[PDB]
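Participant:
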Amino acid sequence: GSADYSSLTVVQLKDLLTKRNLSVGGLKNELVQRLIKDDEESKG
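Be aware that the sequence shown starts at 1, since it is given in the authors' numbering, and climbs by one per residue.
1. Is residue 14 helix, strand or coil when you go by DSSP?
2. Throw me the rounded Cβ distance for the residue 32 and residue 7 pair, which I believe falls under 8 Å.
3. Could you compute how far the alpha carbon of residue 21 sits from the alpha carbon of residue 44?
4. Could you round the C-beta distance between residue 27 and residue 5 to whole angstroms and report it? I think they count as a contact, below 8 Å.
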């Protein structure tokens, strides 16, 4: 009922990815997919 990257504004998606040593390349949805796809995969 909250999630994170789910749908931040392109400014936040770029902000977390910028600080994540990983930027977001693509449209707003691509940004959303980059954070969630990168977040779902990267996780011990």
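Note that CB positions come from ideal geometry on N, CA and C, so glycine has one too.
Facilitator: In brief:
1. helix
2. 6 Å
3. 18 Å
4. That pair is no contact at about 14 Å.
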